[PDB]
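What follows is a single structure, written as structure tokens, with notes after it.
FYI, it's all coordinate maths here, none of it is from the lab. Please note: Cβ atoms are built from the backbone with ideal geometry, for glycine as well, and neighbour counts cover all protein chains shown.
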Amino acid sequence: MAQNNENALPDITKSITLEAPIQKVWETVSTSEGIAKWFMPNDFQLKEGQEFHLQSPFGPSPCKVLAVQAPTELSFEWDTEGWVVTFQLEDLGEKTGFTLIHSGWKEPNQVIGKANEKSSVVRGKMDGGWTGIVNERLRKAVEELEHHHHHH
């Protein structure tokens, strides 16, 4: 499959300024499924070298955090793909400067591992939709403006 690292998704960085305090991003990135909401259906918990799955019985190896640091650094690898997806946060009692990293090691020109198909396309997913999600929604989850644009 993949013994050596050929490509995977090339180190993907997405940058946005979250006009928020570190604490709301805290709620939004290295945290419970609130971060998962923009990322992908999960109950991420800021854990290190753990295994976590959307159920009490984890079953096999689900997801595992490489390293986690209170809205400063988040690194964890998601489910089936070998992506060491990392979140980089700037603490300002001021607003929060967000640098997002989606990276992973030991995959070919094929993706991280059922991430989509091509390692290139998956980085492309982040290359458009990830500013939508992180640049627009990470600022949204930490702040947004409207949630139900008409009625609820």
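Excluding same-chain residues fewer than 8 positions from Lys106, which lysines have a Cα within less than 29 Å of its Cα?
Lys14, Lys37, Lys47, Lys64, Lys114, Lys118, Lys125
What value, in deg cm²/dmol to 500, does the helix sum -39500 (n - 2.57) over DSSP H runs of n ≥ 4 give at 222 nm once divided by the residues of the chain?
-5000 deg cm²/dmol
With point charges of +1 on the Cβ of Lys and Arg and -1 on the Cβ of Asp and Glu, referenced to the Cα centre of the chain, which listed residue (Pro71, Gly97, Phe58) lies farthest in the positive direction of the dipole?
Of the options given, the answer is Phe58.
Could you derive backbone 3J(HN,Hα) for segment 98-106 from the dihedral phi with the Karplus parameters 6.51, -1.76 and 1.60 (θ = phi - 60°), listing whole Hz in sequence and x where the residue is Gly or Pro?
Each residue's phi maps through the Karplus curve to give 9, 10, 10, 10, 10, 9, x, 10, 5 Hz.
Step through the residues of segment 134-144 one at a time and calculate ³J(HN,Hα) from phi using the Karplus curve (6.51 cos²θ - 1.76 cosθ + 1.60, θ = phi - 60°), rounding each to whole Hz and writing x for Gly and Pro.
3J(HN,Hα) across segment 134-144, in whole Hz: 7, 6, 9, 7, 5, 5, 5, 6, 8, 8, 6.
Could you give the dipole magnitude of the chain about its Cα centre, charging the beta-carbon of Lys and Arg +1 and that of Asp and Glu -1, in debye to the nearest 20?
Computed charge dipole of the chain: roughly 260 debye.
Relative to the present Cα-Cα distance, how much length would full extension add between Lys47 and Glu6 at 0.36 nm per residue of separation?
Extending this stretch completely gives an extra 11.9 nm.
For a quick check: with amide H placed at 1.01 Å from N, whose amide H comes under 5 Å from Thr80's, ignoring anything fewer than 5 positions away on the same chain?
Distant-sequence amide H within range of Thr80: zero hits.
In degrees from 0 to 90, rounded to the nearest 10, what is the angle of the helix 119-130 Cα long axis to the longest principal axis of the chain?
It is inclined by approximately 0 degrees.
Would you mind checking which residues have amide H under 5 Å from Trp105's amide H? H placed 1.01 Å from N; only 5 or more apart, or other chain.
Distant-sequence amide H within range of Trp105: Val84.
So what's Rg/Rh here for segment 46-152, counting alpha carbon atoms and using the Kirkwood radius for Rh?
1.02
Over segment 6-152, what is the mean sequence separation of C-alpha contacts under 8 Å (at least six apart), divided by residue count, expressed as relative contact order in percent?
33
Could you sort 59-68, 38-47 so that the peptide with the highest average Cβ count within 10 Å comes first and the rest follow in order?
Those peptides, ordered most packed to least, come out 38-47, 59-68.
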